[PDB]
Structures are given as structure tokens and as C-alpha cells.
Amino acid sequence: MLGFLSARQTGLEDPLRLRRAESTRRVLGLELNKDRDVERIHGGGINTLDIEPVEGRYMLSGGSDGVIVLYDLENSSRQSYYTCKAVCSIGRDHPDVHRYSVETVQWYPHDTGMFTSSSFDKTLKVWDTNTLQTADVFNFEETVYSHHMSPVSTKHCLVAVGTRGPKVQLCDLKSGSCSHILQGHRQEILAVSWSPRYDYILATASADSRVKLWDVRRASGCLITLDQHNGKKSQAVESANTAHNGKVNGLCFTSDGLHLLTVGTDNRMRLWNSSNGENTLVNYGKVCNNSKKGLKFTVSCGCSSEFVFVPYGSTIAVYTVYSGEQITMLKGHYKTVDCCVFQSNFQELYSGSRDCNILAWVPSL
Amino acid sequence: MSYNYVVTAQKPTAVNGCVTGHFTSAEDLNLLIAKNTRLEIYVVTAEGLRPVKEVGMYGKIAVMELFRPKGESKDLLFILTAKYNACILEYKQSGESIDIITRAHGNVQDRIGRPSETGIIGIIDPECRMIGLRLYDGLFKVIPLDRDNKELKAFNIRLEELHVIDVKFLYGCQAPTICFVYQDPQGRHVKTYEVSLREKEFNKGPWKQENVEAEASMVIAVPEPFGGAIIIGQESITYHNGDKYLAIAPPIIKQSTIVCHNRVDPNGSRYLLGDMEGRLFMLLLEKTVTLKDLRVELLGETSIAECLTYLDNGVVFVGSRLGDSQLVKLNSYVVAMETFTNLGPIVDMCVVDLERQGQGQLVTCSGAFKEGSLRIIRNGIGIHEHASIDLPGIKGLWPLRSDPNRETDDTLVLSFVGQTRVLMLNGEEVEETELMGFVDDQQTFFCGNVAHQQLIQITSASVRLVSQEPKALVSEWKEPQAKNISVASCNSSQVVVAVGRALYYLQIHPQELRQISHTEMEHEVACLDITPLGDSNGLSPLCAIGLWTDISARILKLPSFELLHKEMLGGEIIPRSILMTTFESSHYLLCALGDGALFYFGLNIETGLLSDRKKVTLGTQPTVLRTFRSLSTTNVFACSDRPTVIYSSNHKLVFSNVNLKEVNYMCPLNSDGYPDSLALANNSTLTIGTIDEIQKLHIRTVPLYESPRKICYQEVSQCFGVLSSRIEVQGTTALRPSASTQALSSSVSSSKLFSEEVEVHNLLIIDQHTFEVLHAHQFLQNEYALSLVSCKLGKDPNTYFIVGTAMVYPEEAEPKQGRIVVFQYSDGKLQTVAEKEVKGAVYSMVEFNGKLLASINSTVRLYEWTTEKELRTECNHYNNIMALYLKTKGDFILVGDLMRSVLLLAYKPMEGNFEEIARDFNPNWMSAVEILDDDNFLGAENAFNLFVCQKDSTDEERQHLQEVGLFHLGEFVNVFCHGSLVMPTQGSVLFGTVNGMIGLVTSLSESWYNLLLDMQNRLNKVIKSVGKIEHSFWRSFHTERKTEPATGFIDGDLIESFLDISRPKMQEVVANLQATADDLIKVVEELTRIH
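Residues numbered from 1 in each chain as written, not as in the entry; some residues may be left out. Chains lettered and ligands numbered in written order. Heavy atoms only, no water. Residues with missing side-chain atoms left out of burial classes, pairs and counts.

**Student:** What exactly am I supposed to notice about the domain arrangement of chain B here?
**Tutor:** Where the parts come together, the accessible area they lose is often given as the size of the interface. What the domain assignment lists for chain B is domain 1 (1-14 + 343-379 + 697-1003), domain 2 (15-342), domain 3 (380-696) and domain 4 (1004-1091). A separation of 61 Å is found between the C-alpha centroids of domain 2 of chain B and domain 3 of chain B. (Domains from an automatic or database assignment.)

**Student:** Would you mind going over the pattern of salt bridges with me for this structure?
**Tutor:** When their charged atoms lie close together, side chains carrying opposite charge are able to pair. According to the stated counting rule, one finds 54 salt bridges over all chains in the structure shown. One salt bridge in this structure joins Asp75 of chain B and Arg68 of chain B, with 2.6 Å as the shortest N-O distance. With relative accessibility at 33%, the residue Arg68 of chain B sits in the partly exposed group. Notably, a salt bridge pairs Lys887 of chain B with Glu930 of chain B, separated by 2.9 Å at the nearest N-O pair. Of this pair, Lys887 of chain B sits in strand β77 (residues 883-889) while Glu930 of chain B sits in strand β81 (residues 926-931); the two residues are 43 residues apart in sequence, bridging distant segments of the chain. One network of salt bridges, in which partners are shared, links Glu103, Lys293, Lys296, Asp338 and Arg354 of chain A. (Salt bridge = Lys/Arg side-chain N within 4 Å of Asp/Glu carboxyl O. Buried < 20%, exposed > 50% of the residue type's maximum accessible area, 1.4 Å probe, protein only. Helix = DSSP H or I, 4+ residues; strand = E, 2+ residues; numbered from the N terminus.)

**Student:** I tried to follow the pairing of strand β22 (residues 229-232) of chain B on my own but got confused; where do I start?
**Tutor:** Within a regular strand, the side chains alternate between the two sheet faces. Residues and elements named next belong to chain B. Here β22 shows no split at all, with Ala229 and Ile231 on one side and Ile230 and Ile232 on the other all buried. In this sheet, β22 lies alongside strand β21 (residues 218-221) in antiparallel orientation, the contact comprising four bridges. Following the sheet pairing, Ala221 is matched in β22 by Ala229. Pairing analysis gives four bridges linking β22 to strand β23 (residues 237-240), with the strands arranged antiparallel. When the sheet's bridge partners are listed, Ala229 is paired in β23 with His240. (Pairing = 2+ DSSP bridges.)

**Student:** How should the UniProt feature "repeat: WD" in chain A be read in this particular structure?
**Tutor:** Residue and element names in this part refer to chain A. Following the UniProt record, one finds the feature "repeat: WD" at residues 33-73, 88-129, 133-173, 177-216, 235-274, 281-321 and 325-363. Summarising residues 33-73: 0% helix, 49% strand, and an end-to-end C-alpha distance of 13 Å. End C-alpha to end C-alpha, residues 325-363 measures 19 Å, and it is 0% helix and 62% strand. (UniProt positions renumbered as here; feature names shortened; annotations may be inferred.)

**Student:** Sorry if this is basic, but what is going on with the sheet that holds strand β85 (residues 973-978) of chain B here?
**Tutor:** The strands making up a sheet associate through hydrogen bonds between their backbones, and the pairing can be parallel or antiparallel. Residues and elements named next belong to chain B. Read from one edge of the open sheet, five strands run β85-β86-β87-β1-β90, paired in mixed fashion. On the outer flanks of this sheet lie β85 and β90 (1049-1051), each paired with one strand and no other. Ignoring which end each strand starts from, the neighbouring axes of this sheet average 30 degrees apart. Alignment of strand β1 (residues 4-10) against β90, held across three bridges, turns out to be parallel. Bridged to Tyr5 within β90 is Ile1050. (Axes fitted to C-alpha atoms, helices over the stretch in contact; angles between N-to-C directions.)

Right, here's the structure in full:
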């Protein structure tokens, strides 16, 4: 650290190398912050978290209880220890409150004044953060597992909704729209993710043991479908082009967008080339996934090394994306961890779990 | 105040790159130097470097290379910004008008990506088939030179190898082939790919990758014969052509890591190498034709080399970021023919107003390691040399008018050793002549025109009075016993010479020299002055004297020689020159010792009473004074090693430095061809000329041969505190003697508290005048000096140097121990007053309202200084990530944090505690922090950005700091300090940077800000920027997480550029606005008054 300073200062090394380089040192020093609390509201287990993209002060939670909470994670005090108080809530009484579990919640990117929720009540609701009232509501013939919007741009208004139906749903926030359908999955779509990198590319994962990358602008067909054997194994159809040996319930793009991470029920995590969908064959060892619903996990960003934090049991397994080494398993929670999200600003981490608690993980030293 | 002006006071001095080719003409040898934002072109000539053009780029130059595509007359320039603007430049000169055209330009930024660890790499195919760029981990951008691509449209190729150290295109390949070193777990290796422009993908390399040295950092491609690549590791140097493997491990290079290289011979038979320790090296390749073996020889020692290129005939240019850049000739050993000043990384600086004048002067901690120094930056008046004629030996100068009818000075008399010489000086031409009545065979103490159209020449021998209508000689006065004359002083009528302690008073009458008063002095006369004040006669009632022995300035009643006043100056240093003069109305006595000390007194033409004594030290050498009238007012010139002009403004003395080297003697000379000019003479030459109206910065260097870190100024002690760090290696010892080891007296920390190359840390006490190192305190093994403060605390009258430290152990990532230490320097002894133990690193300290404010790791705390001489903790504020930076105004504290950006924290005297006032809820990594006024807060981003925060104006959310400014500086700011280099805009802040650039920030009224803002925009349209880059882009706040248009900042560099633009181009800009022409000229001119 003194070396970080004196280096940066005499301009020995580039200031933003030392910065990334420090940032990774921190992720490495990750541990449960027993000095920070998150105010308990959710009665059901926390299924999802999202930290506001720019400046990252406020964060959204959603429960099996169908509630959405909105926290301020910042600290006004003289002290190092504080609780993150919930600013707002979508509650039992709120006319527009979700009936069943809220599976995903995401800040409308590029506009803070709006956030989005999807539920098992077969809806996607578009919220308005100031007025805390509904803005748009969309309904589906089936339960909503995952939704997402493009972090990359304003070129389009599309949301991608994963449902129990084999058809992938594209709702258009500009007007009501949503006649847009991605076809070729044979089961529940348990996850959907837009490329951080490319504007119109989306990734979908289904219980059909398959993962597909689409250019949504195309009327028919996907770009690639992930084959875990890189096609070295000759299978009948209906067999070939599978990502995992079980439901694929996780999806994450590496920060640069050049690779895809999938988690299956086969207890495996695979890293794929996001372009050609080749298996990079990174190890990671066994990663326990038994979830019937979707599985939210996340990636570090802005550090030398890129890490992936995937819920593992009641812990959160930290791996290195490219190298494939398990760094540590962060242990604070007493029951199964449903999701964790990364605080890009300080290299902290927040986790949701079935203990109906949100834990803070900050780097030490 | 929410509206801010930023202007560059000193351009960046550090060299991030240099390259050599034929840019300006195919038959010219060019040297190009990129200094951050700055591009300098030169032609290598018979003798030296002819400068040709210097241009600013809107951006930090990442990559500079010249290359020649088939069908171009001369080389083209390819530049990449760090904001990733790419361009291809041509050099076009029409007559004496000279322009750099943008032949192609585009921005190659990718929306997202992982910036590679070893940084941006530009490379160009030897056949100019493409430009390769490695910007981000995972990709290789290709800028095709195949077709005509005016937009520089580029494309990525996926690179399976995610860690690439260095890469180069190889020579001699049927298709562009890159060779590169990359790291995977199994080690570092060198691999090759062909680059298909059709497939837009890589193809298999020509030769299979091979394992390389664990530390192999650097790839050189070898030219057409031998082919292949040479790979520099810290231990070994290997060669791979793909058929043959050659490796050598010289012992001589193990000491350092080799950071740069240059091919000397085109056939690649010889390469220059350079390392972090300053060593220049020569790499040689012995030789149907192929490579036999490699050999390394140590050529010498140059500035620590950022980059280096050989020019021709044994001269080598050294670019250096860490210290002075060089032009050096090779021999066994290396000699620097030329030295280019670089304020290296300015790690710290402080503004001192010495002399208690109106004007500021900057003293910096500059460079590092071998290159470390202090630099003293001050403004000053230059002079114009019309004529310089070689006359070693000059002991004096006098102007004389020979023709009594003529009102112009026709005669320059130069005293020498046993002789005097006389200059005829007709017009612009000066030639040696004789003068009748004047002896040449004695040394001349004084001469000039006197009463009744006569001349007088005083010498060691006699005072000789001369009639100038006939010439010849009228009278002469010799000492009665024929003893030698000691000192001379003469005005138009009266004369006083002193022989030893003896004194003679003489008058000048027609064809006569009348002796009147006589006396013998207590001690030997040192210097005298009779220049009459207030006139009313032309006769001076008073005599100005100073003596050896007792060291006294005395004023005496002239007719009698009775003593009016005797002031005791004190000290072993004897008075060199004494002068009486009047500034404004008021009368001063000026007496300058031989050490540079100049005392100045209030003088009474009646009592002869010297009152209100004051002293300033300008120079270390004996200072002699001469009076010279400049237009309106009379000024005193001071000849010394720091030559100075002294005058009055607002009835308070002003000392202007002069940008000359050293001046032994001077006299004002106005001839028919040299009007109202000055005669200066140094040890070698007698130069003639005038004072330059415009002030330019003058810079002095005090080389430390180790690393300055903090610096601060103790006035009462008349010295600077400085924290330095020298490296020693394994008990330990240095590679070289540095300032810490040169100390006249030195101490070592005795602390009992806490109980292969290591930093050793010193507190240096440095004299504010000689700049010698008076004392060096060395800290504990593994102690680090971090922060340093000069102040007095509590009710205690003593001024102290207070130094925070940390214990740095190898096993730990952040220090769990450190200490604050109070030192006092008085009576030339460095005293340790007190220690205070702390639980970690003390990153910053500031004197707060008679209290000490320090930050330790995550904690900002306030100390009170006890009547027991100790530090008692008053209050802690624990809410921080890392508190690296402290600034204060009143009860307000500004705390710079590593990531959390900035916080306005306050002290409630009532609760004896801290309360957060407001915070910046934008996360930022801070370099520096400054408080502009109670409301606005200035800050420096890790990414070379500036911003401004402001206390808002309803709810409890007033704890939110609004961002009222954002600006991309392009420089990394280490230090902010209030002050100005001079003497429309409120306030002045100066900043030091890593590349050596010095800036200034100041505030504008909204009315102004808007005017300039429009002016910026119209200026922008009219000015043709080099790479066709957008100015507004250039200045846009930019980081990983944000990119935004600069607001609340006016770019002074851009605005001051309006004075150089074409007369019409001016009227173009003006147009409509919000005002006409000369109006803006007036404005922009005033704006330059600020630096």
C-alpha cells in the first residue's frame, strides 16, 4: 500500500494499473463485514439484489414474500459501523405489490428514476422510484423466472423475460409491445442475460439443458447454442448441443463481454467464448447447484483479475474466471444463498439468502 | 466558486517517448519527442538539434511512430491518445509557414474491455501493412493500412492469451506476423501469429512458441538479416528466429531491470539498452548470413531512461520521466553534451514568499532515486544580448561621456588587474581605444564625468582629475606619504577615498582637487558611498561606510567625518558594498555583505539615523550594487550568483530576480546605438543589452541523488524541512552518496517504541539560502516518513517540524504501527521534542487551529499539544476507507479518501467533536484535494480528472455535496497549494504533476465564465487541432465508470491561444458573441497576468 502510493506518486507505474491492481488485492481480502448491517424487512427469502449502476448508492431487493425493498447503502455517521436503512418499500399493503415470489429486480439502466420487477405471479412490473407507483405492467401465461435489460445502450427499450413457457419473451418498454418471441427452447427458461458488450445480443438458459445466444433483431434462429463437448461427441439430435447435464439455471457475462458463465444442476460451472460458444474448459471443480428456480450470481469488475462469485450452499464460492482457482468460500449465512451482487465502487459484495437476510462482505486490510 | 479557470504555468517536462526518422523532409534527420500532451519536432544538424515545430495534442500521447507506406515522399506520423484517438499525421511546410496535416484519423476505443496490465502498445508492420494495437486483455485491434482508410476504421481479433507482456511485428515475413511474450500459469513464453486481413483473424505463427525467462519483459524484433526476435529478461537475453536458439546471461545486467531499447545500426548489429539504474548498455550481434552470438557492454551512465534513441555519430538522446532528459555523446564512458530540464514527478511542492516581498516562489520535491532533487521555480526578468564581447577579468565598469557637448554615453571604462582599459563604442560597434589624461597602467577604482566639464579617474595610485575640452590632465591628488588607495567613492563634485583605515574627503573645482576633511577609522574601510540624496545642492552632507573587524555600517557627517550612526551587522561575513539611494520619496541605506545578505535601512538625510532595519538574502556570493535609472524611476542592480533588481512599488521594496547566470559587476550604458541599456560582465564575457519587459520563469536545481517526498518551509528557522528516501541493499549500504549522507551534522532515531533492498528515510533540514543540507535525521529500520508539518501547537511558542511515519514490514500489507514525531530545529541543532505511538500509517497531517490533525489508516483524529510537551487525542472520526489527504479552512476539514472521494467534516468546539457536514456520493480515487473557499472544494481524480464540489442550498440531505465542476486535465496532480508566481479572477491555486507540468486554478464570476465558454466554442471551430481530435472530447471527464462533458471549467490554454491566431481568424471568432475584437484581446491579455 505505501508502495501503491509512492509508485502512483512518482508515476513509476500507470495510475490506473495500480488502481486495478489494488482493487484485486481487495477482492482477495474479502470477508464478512460484521460492522455493516442491512435493515430486515423481507419475510420471504431474498431472491435478488441490484445495485444502482451509476454511483451505486441505492440497492433493490426482492423476496419470496413478493416484496421489493429499496435501501440506501451509504453511511452518514462519525462511525465505521452502521445499518443500511430501507428508503422505500413495495409492501403487503401496496395495491400493486407482487402476489408471489419476486424472482428478479433490476434498475432501468441509464435512468435511475425507474426500476423493474418480475414475479411468480406471472407479471413484470415497471416501477417509478420517486413516486413508488407502477408505470407499466406486463402479464404472462407462465411464471417469470428471469428478466433483464441491456446495460450497453439506449438503442432499444427491450426487456427479456424468462418464463415457464419454452418461448423467450421480449417486452418493449416503449409503448406496451411484446409481440417479440425467441423460439427454440424446449422447456422453462431459467435465465436471460444481455451482452455487456454487444447491443442486440442476448443469452438465454433453459431447463432444456441448453444455452443459446440470439441476435434479437433476427426473426428466426439463434446465433449459437452452447455445446459442452465442443462437438467432439456424436449424438443423436435432441441430445447434441447441450450446455449442462441438468437444468442450466445460471448465466453471467464476464465484464468485458467476451465470455459466458453458465451454472447447471449438474453441479458444474462452465466458461464459454461469447463469440463462437466454444467451451474454454476452465476447471472450477464441482459447484453445487440444486435449485429448481433460477440462480443469480455475479462477476467482479475493475480489478487486475476477474473473479466470479457463485452461491454455493450457505456460502458464496469465489473463483477466478480464467484461471479457475477457488479463492475462498465466503461464509456468513445460515441457510442457502440465493444471490449475491458485487459493489463495483469499493470492491464489496452483498448476498441474499433463504435466512431472509442480506449480508455485507467487505475487504479487510 | 463553481466557475473555474485552469491554465498551464509550466508545460509537462517528462518524456514518455522519442523517435527518430525523416518526418519534415526525406533528406532531414528528425528527432521527435512526446512530452505528455506535447509533441516536439527537431532536425538533427551538423552541430546540435534545430527545433522546428512544437504542437499540443488534445490528449496524452500513448504511441508515437513514424512509418513510410509505399508512395509517400517522406515518413508519416502515427499517434495514439490515451483516450484512444488515433491519427496519421504528415509534415507540410508552405514557405516559412508550417503545418501538421491529419491524413487519417479515428477513435479506436472499445465500449468496454479489460485494460491490459503492461499498457497500451502501438506497433506497425515493417511493410506498413497494418497498425497493431494491444489495448485490452483478450483482443488485438488491427488498423488496416491495406486500403485507403481515411477514418482509421479498425477491428479486433480474439487473442486466446489473456496476459501479454510485450508484442512486436516481425521483420521478413510473408504476412504480418506478431511475436509476443505472454504469461499463463506454466510460465512466460514467446509465441507467434500471422494476421489475416481477409479472415479478419490470426493464423498459425511461422515458428512454434518457446518457453522464455520467468521475468522476460521485452520483445525486440530483429531486422531483415538474422530475422527473428530478441527477448530481454531481468537475468538473461535470448534470441529466437525459429530455427536456432541463442541465449546469454550476462552478470553485469542482473543488478537492474532493462526498461528500454534502441536499434543503432539499421541491419540490427547493435542495440542500445537502458535500465532503472541509469546504465546505458550496448547489445551486439555477430554474423547465407545469420546470427552467431550476442554480447553486452556497459556504455555508461545517463538519466534513468524512459526511452532512448541514437541520432548519429555517437550522440544519443535520452528521454527521461524520472529526471533531466539528455543529449549524450558516447566514447568506455558517456558524456552529456546537453541537459534538458524536467521537473520530474513533482511529488510535493510548497510556495514560499521569502524576502517578504509581494511575489511567490515555488520549491519542489522532484524526480526520484538517482534523479531526485529540489527545484526552485520563480518568475524573473530576462535581458537582451545585443553584443557580448570576450573580456575575461573585468573588475569594474564605468560609463563616460567624452564629448562634453554630447548627452549620450560614448565611453566604457573597464578596470582589470594592474591595468584599466577603455572602450570607444561607436554605434553598435565597440573597439579598444585610449583616452588622454587617463592611465592604463593602474587598475581603476572609479571614474566618470564630474563638475565643470571635467573627468576623474581614481586608481590604486592617485585620484586624477582631467579637463575634457583640451583633454590631458588638470590636477592630481596622491596620499601624502604616497601610500596606495584602498577604496573609492565619488559623486559629481565630492570624492572620498580611503587608504586602509584612513579617509580623505575631496572636492572638485575648476582645474583643482580640494582636500578638506581627514580622519583615520577604528577599523579598515570595506566599502563607501557618497551618492547625494535629495540634492538641492549636488553636495552630499553624509558619508556611507562599512568596516572589517567589527562589521558595521556607519553613516558620518561628511564635512567633519563625525559619526552619526553605527549599526552592528554581526557575523564573520564582511560588507562588500554599501549604497545610498532613494525610491519613491523615502530614503534607504542599502548594504550588501559578501554572503548575499542585503540589509536595507530607513535613512535620514538629517540625523543620518538608520531606522527600521530589514534584511533579505539574494545570492550566496558577495553582492555589489550599482544604481541605474530606468525611465521613470531609479533602480538598484545587484550583481551576484542570483543577480537581482531592487526597486519600490507602493512604498515597499521589491526584488526581481534576473534570469541571468551570474554577474560580477554592472553599469548602465546608453550609447547612440545602445540606448538606455546595461553593461554586465561575468568572469568570461562583457555583455550588453536591456531588461526584458515580459517575465519568464527561471528554474534552479539542487540535486539530491535520492528521493524527495514531502517538503515544507520553516520561516523562523530560515530553512526547509524535507523528507527523503534513499535505497540501501543488504546491515545495509547505498549504491551512491546522496544528500542524506552529505549532511554536515546528522542524527539517528533512538526510539525504543517498536521492538533485497530497503528504503531508508530521512528528515533533511535544508538552508533556505545556500540550500546546503544542515542536518539529516535518519528514522528507524523500516520506518517511513509519510507526512511532514511545520507549525506551532497549543500555547507553546516553539515552531516544530512534525513528522508522521509508519512501520513497514514485508509480511504485512498495511502498517499496524507508526508514529508522530515532534522535532524542533533552533540554534543549528535538530532536537527531538516528542513521540506519539499510533496504530498505523500516518498518511497526512495538517495544523488545525493550534491543534494537530492527522489521519491514521481509516481514522482521522485531532491532537491537542499539552503543557507537558505531548500529544493528547481529542476526537476521532472513524468513517473512512483510507484517509489520504487533509486540507483545512477555519473549523472546516476536507478529507480526501482513496476511493470514497471527498468529505467535508467539521469540528464543533462545543461538543469537542466531529460532525460530517457533507460528502461526495460519487466514488473517486483521489490524488489531491484543496479547499477553494468555505463552499467549493477542488479535487484530483486518479484518471487525470479535476472536479469541484460545493455545499448545497433544505432537508437533512444538505449533507450532499453537489458537483459543480468536471474537467479532464490530462495530468496526474500530486499537490495543490494556494499561492501565485506574480506581483478579474478570485483566488489562485498552483499544482504540481507527475509529468512536471505546473498548473494554476482560479475562479470567475458567472458573467466571465459564460463569455469564455462561448469563446472556447467559437475558438474551437476556427482552430485546427492536430489529430483532428475534438477539444470538448479532450476535456470531457472520463474514467472507467463515467464519461461526461467538462463543465464549470474554462481551459486557459485554449483561451490564451486566441492571441496568436490570425487577425481575420480573430474577427471570425468574435462575430456575434455577448463585444468586439480588441475587447477580447484586452481580456485574454489580462488573463495572462495571472501566471
